[PDB]
Amino acid sequence: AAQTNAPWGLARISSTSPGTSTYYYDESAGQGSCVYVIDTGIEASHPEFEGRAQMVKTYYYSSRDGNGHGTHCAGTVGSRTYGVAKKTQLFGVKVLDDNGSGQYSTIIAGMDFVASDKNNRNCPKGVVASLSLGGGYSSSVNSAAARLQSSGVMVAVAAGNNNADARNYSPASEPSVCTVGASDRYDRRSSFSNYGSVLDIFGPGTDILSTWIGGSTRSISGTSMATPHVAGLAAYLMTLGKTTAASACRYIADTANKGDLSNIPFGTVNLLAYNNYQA
Ligand SMILES: [Ca+2]
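Looking at the method and resolution fields of the entry, one finds X-ray crystallography and 1.50 Å.

Looking at the PDB entry, the chain carries the name Proteinase K, with the source organism given as Parengyodontium album. Per its UniProt entry, the chain bears the Catalytic activity comment "Hydrolysis of keratin, and of other proteins with subtilisin-like specificity. Hydrolyzes peptide amides." Entered under Sequence similarities in the UniProt record, the comment concerning the chain runs "Belongs to the peptidase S8 family."

Have a look at this one:
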């Protein structure tokens, strides 16, 4: 399949080169997979989700996304126009309030929730969780992310926007999950992206157009926007049978475009997420 005039990041993830504008992907499009977006919520009624989104949990007085961040991330996973995996099922877990804040105890509970809740959902091709959130190092946050992964979910987490080594942030620093850095449309590391040995992969993160609340769209930047490209990629590859939840981060690194990014510090991987789709 080909989507013309796609967001640059979708075109990037199906290309060996920067500077193209068509997204190429197998038509299976993540059908029969599931992706949990653990964030400020998802506006499930947005036409871009086509009835494939729902809220499954909140820790606040509403499950509505009163921020937009979670809706944007969900859209990069799985919206019809803006998404990597255009037929995946999306499940929202609102651990962040409408200011985008959340206590670590709530975030942990939401990760444990997903590990159980997958057993209540139909995801024959596998399960992914996208965590576009983080704060300072916490062994308890990292352990929650490790349990989610161990339970059979492909966990993708943002590296963070501090232009610093991700070893000092959680859940970015957890070794067993897939930690995602950000790039821009000229294959530079994004100015804000964290780096370090704990990174596994980079994805498009500067000037990413996706869904927003009120049935809208906008472009924003962050490791939070790189993470759902990887999460959606994982769902897409699992639907194809090419990998599993336990092996997908390694598969994505194995199959990534290598050596193409600039301003990568010595000791950080130079790997850009790529679907290797041959039309
Ligand atoms: Ca990691």
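Next comes the rest of the account.
Caption draft 1: Main features of the coordination of the calcium ion. The calcium ion binds to the protein through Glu174 (O), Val177 (O), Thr179 (OG1), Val198 (O) and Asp200 (OD); the donor distances cover 2.8 to 3.1 Å. Taken in sequence order, the residues that donate to the calcium ion follow the motif E-x2-V-x1-T-x18-V-x1-D. Residue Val177 is located in the loop between β9 (169-170) and β10 (178-183), and its partner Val198 is located in the loop between β10 and β11 (201-204); the two are separated by 21 residues in the primary sequence. On the basis of relative accessibility, which here comes to 1%, the residue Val177 falls in the buried class.

Caption draft 2: Molecular detail of the UniProt feature "binding site: Ca(2+) 2" in the chain. In the numbering adopted here, UniProt assigns the feature "binding site: Ca(2+) 2" to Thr16 and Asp260. For the residues just named, distributed over 245 residues, the greatest C-alpha separation is only 9.2 Å, placing them together at one site. The topology assignment puts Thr16 in the loop between α1 (8-13) and β2 (23-24). Beyond its immediate chain neighbours, meaning those up to four positions away, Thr16 contacts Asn257 and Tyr274. Along the chain, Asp260 turns up in the loop between β14 (257-258) and β15 (271-272).

Caption draft 3: Examining the state of the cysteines more closely. Within the structure shown, the criterion is met by two disulfides. Residue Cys34 pairs covalently with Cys123 via a disulfide, S to S 2.1 Å. For the disulfide bridge between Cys34 and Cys123, the dihedral angle about the S-S bond is near -95°, and by the sign convention the bridge is left-handed. Here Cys123 lies in the loop between α3 (104-117) and β6 (126-131) and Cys34 lies in strand β3 (residues 33-39), a separation of 89 residues in the sequence. Assessed through its relative accessible area of 0%, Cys34 is described here as buried. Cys178 shares a disulfide with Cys249; S-S distance 2.4 Å. For the disulfide bridge between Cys178 and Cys249, the dihedral angle about the S-S bond is near 75°, and by the sign convention the bridge is right-handed. Taken as a pair, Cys178 in strand β10 and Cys249 in helix α6 (residues 248-255) lie far apart in primary sequence, 71 residues in all.

Rules behind the numbers
- Entry numbering is not used for residues: they are numbered from 1 along each chain in the order the sequence is written, which may differ from it, and residues without coordinates are omitted.
- Note that the side-chain values use all heavy atoms of the structure and ignore hydrogens as well as water.
- UniProt positions are given in the numbering used here, feature names are shortened, and annotations may be inferred rather than shown by experiment.
- Excluding water, the donors of a metal are its N, O and S neighbours within 2.8 Å, or within 3.2 Å for Na, K and Ca, and that exclusion means sites may look incomplete.
- Helix and strand definitions follow DSSP, with helices as H or I runs of at least four residues and strands as E runs of at least two, each counted in order from the N terminus.
- Between buried and exposed lies partly exposed: a residue is buried under 20% and exposed over 50% of the maximum accessible area for its type, with that area taken using a 1.4 Å probe on protein chains only.
- Residues are treated as being in contact if the distance between any of their heavy atoms lies within 4.5 Å.
- Throughout, disulfides are identified as pairs of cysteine sulfur atoms within 2.5 Å of each other.

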